[PDB]
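Enquirer: Have a look at the structure that comes next, please.
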Ligand SMILES: NC(=[NH2+])SCc1ccc(Cl)cc1
Ligand SMILES: NC(=[NH2+])SCc1ccc(Cl)cc1
């Protein structure tokens, strides 16, 4: 049940 | 299911076709025929948001009006895909026109930066309201979802994919309605496209799997958004992007026990890994979504005309009020004596 709660940055070209 | 009521829906559908035809004509005129200001015409007020490559509240000196100014560091915009994506954003925002899209007012560039000056929407991001309240009621979430459905129907009819739906990018205006901002990933796409981009929690499986994909990724992301609005957290939820990706591709979603069955049915059809089955991607297109039982109370025309009472009106103390936005570090804005990346941004 743990995940990212703050603002989420988008990714432009690389997934990881 | 329908008794009469079907004739009214059918006529409504022909009227949508008529509207979208005129909308495409207006868009193309602006898309094929696009420095409306300079930096010293504005006073810096406050940073409203920050990303890798910032959005500032500014005041136009002459008129005194307030605007949101997105500033892009030209050298920082590479980063590769950044380059093309920044050109996509400006050209799209200057050509579109819809009630739930933020309006671009001016754009210009100098030796160091690109600038896009947009209407200031003082109600704040949906994101912060949602995190503060926890979750929205289903009627509340439905009201916002309907506006996104109509906005995507508009954008997709122009062959535009949006590709970054999330609460961070949805501003609440003075009437409580949505304004979509940040077109940095939006692209005009006739068929498929291949860039790996978006926000992890909202990526459709086909993006993650490095498959050529189409506008159906926006309908997947709508499923994620509706789920997050109604639950308070997104359906694929983990600390690290790699763990998020595994959950997305698995094809398994669990729902809170307070979700209505109508909501769960809609979400199972949006969060559908199989593209031959995903709502928004079938023979009936967007109408599978608009006619779904969860939207049975939605008056689509009334939403578009902004005739529906909003669930929540943000308080505004006055012009230039920033009380509905979080605070950010205030970094210096510096412009070089020497032009940077001039040829690489000639089209901007
Ligand atoms: N990253 C993209 N999605 S296209 C822009 C690009 C620019 C430079 C290079 Cl070397 C590759 C690609
Ligand atoms: N959420 C963002 N993408 S930056 C914050 C912001 C952007 C645009 C406007 Cl009109 C106001 C605030």
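Cβ sites come from the backbone with ideal geometry, for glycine too, and all protein chains shown count toward neighbours. Read the figures in this text as sums done on the coordinates, not as results from a lab.
Enquirer: What area, in nm² and to one decimal, does the C-alpha convex hull of chain B cast on average over all directions? Spell out each step's value before the answer.
Expert: On the way: hull surface 73.8 nm².
Orientation-averaged projected area of the Cα hull: 18.4 nm².
Enquirer: In addition: What translational D, rounded to a whole number of µm²/s, comes out for the protein assembly as shown from Stokes-Einstein when the hydrodynamic radius is the Kirkwood one over Cα pairs, at 25 °C and 0.890 mPa s?
Expert: Details: Rh = 21.4 Å.
Answer from the Stokes-Einstein relation: 115 µm²/s.
Enquirer: Separate question: Taking each residue in B:197-203, count the Cβ atoms of any other chain within 10 Å of its Cβ, then average. What number comes out?
Expert: Neighbouring Cβ atoms belonging to other protein chains average 4 per residue here.
Enquirer: Can you tell me the length gained on complete extension of the stretch residue B:277 to residue B:347, counting 0.36 nm per residue apart and subtracting the Cα distance?
Expert: Between residue B:277 and residue B:347, full extension yields 21.2 nm more.
Enquirer: Could you tell me how many cubic angstrom of Cα convex hull volume the stretch B:69-144 has per residue?
Expert: On the way: hull volume 10.3 nm³, N = 76.
Output value, Cα hull per residue: 136 Å³.
Enquirer: Counting other beta carbons within 10 Å of each residue's own, what order do B:329, B:84 fall into, fewest first?
Expert: B:329, B:84
Enquirer: Rg and Dmax of the stretch B:8-123 over Cα atoms: what are they, in angstrom?
Expert: 17.1, 56
Enquirer: Please report, to two decimal places, log10 I(q)/I(0) for the stretch B:162-217 at q = 0.31 Å⁻¹ as given by the Debye formula with identical point scatterers on the Cα atoms and no solvent.
Expert: After summing over all Cα pairs, the log10 values are -1.32.
Enquirer: Run a plain Debye calculation on the stretch B:253-348 (Cα atoms as equal point scatterers, no solvent) and give log10 I(q)/I(0) at q = 0.22 Å⁻¹, rounded to two decimals, same order as the q list.
Expert: Scattering profile of the stretch B:253-348, log10 relative to I(0): -1.17.
Enquirer: Relative to a virtual label point 7 Å from the Cα of residue B:209 in the Cα→beta-carbon direction, which members of the stretch B:253-273 show backbone nitrogen distances below 15 Å?
Expert: B:271-273
Enquirer: Can you grab the distance from the C-alpha centre of the stretch B:74-130 to the C-alpha centre of the stretch B:243-305, Å, no decimals?
Expert: 29 Å
Enquirer: Suppose only helical runs count, i.e. DSSP H with n ≥ 4. What mean residue ellipticity at 222 nm does that imply for chain B under -39500 (n - 2.57) per run, divided by all residues and rounded to the nearest 500 deg cm²/dmol? Intermediate values should be presented prior to the final figure.
Expert: Numbers: 10 runs with 116 residues, N = 348.
So the calculated ellipticity at 222 nm is -10000 deg cm²/dmol.
Enquirer: I would also like to ask the following. Taking 56 Å as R0, compute the FRET efficiency from the Cβ-Cβ separation of residue B:28 and residue B:329 and round it to 0.05. Could you put the intermediate results ahead of the total?
Expert: Working: r = 42 Å, r/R0 = 0.74.
About 0.85, to the nearest 0.05.
Enquirer: Still on this structure, I have one more. Out of every Cα-Cα pair in the stretch B:192-293, what percent are more than 21 Å apart? Provide the component values of the computation, followed by the final result.
Expert: On the way: 1539 of 5151 pairs.
Within the stretch B:192-293, distances greater than 21 Å cover 30 percent of Cα pairs.
Enquirer: Taking the Cβ-Cβ separation of residue B:2 and residue B:38 as r and a Förster radius of 56 Å, what is the calculated FRET efficiency to the nearest 0.05? Spell out each step's value before the answer.
Expert: Details: r = 57 Å, r/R0 = 1.01.
E between residue B:2 and residue B:38, to the nearest 0.05, is 0.50.
Enquirer: Just to be sure I understand the model, the point goes 7 Å from the Cα along the line to the Cβ. What's the resulting residue B:83 to residue B:46 distance in nm?
Expert: Spacing of the two 7 Å Cα→Cβ label points: 3.7 nm.
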